[PDB]
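Starting off, we have a lone chain in the form deposited in one PDB entry, written out as structure tokens.
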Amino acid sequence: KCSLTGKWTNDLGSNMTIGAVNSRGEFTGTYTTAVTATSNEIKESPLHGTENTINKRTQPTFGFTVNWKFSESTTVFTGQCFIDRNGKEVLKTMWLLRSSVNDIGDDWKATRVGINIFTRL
């Protein structure tokens, strides 16, 4: 009932497209953000993830990594695909954004955390 395939937009205005999910639950996609004002446009970064196929849940958990094309950073997202109080699909996710640091002594401050909610575009 809740399928990851398709076009999504989030609460900060980023968009993401996800292709077909195979029988192993693997999928690829693209992740688009602004930077920043009306002016001007965008960066596209690839994403790769898997949805959990245990018990063929109608609302499966999933995870994906975005391999940023314009920085040395990586973000991972994890969450669950829900049906809301009737019909519309919603991805409730949390993410970790990992910055590159040059010294292992700075490792402690390299990880940001937050949320995103996605709806169909």
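Definition used throughout: the rigid core is the maximal C-alpha set that superposes within 1.5 Å between two forms. Shifts are known only where both forms have a C-alpha. Throughout, we count residues from 1 along the sequence that is shown.
Keep in mind the form deposited in another entry is missing from the figure; the text below concerns it.
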After superposing on the rigid core, which residue out of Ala34, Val90, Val76, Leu47 has its C-alpha displaced by 2 Å or more between this form and the one not shown?
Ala34
A 3 angstroms or greater change in CA distance between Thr36 and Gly49 is reported in that other deposited form. Closer or farther than in this form?
closer
Compared with this form, is the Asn116-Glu41 Cα separation smaller or larger in that other deposited form, the difference being 3 Å or more?
farther
Segments displaced between this form and the one not shown (3 or more residues, each Cα shift of 2 Å or more, core-superposed):
34-42, 84-86
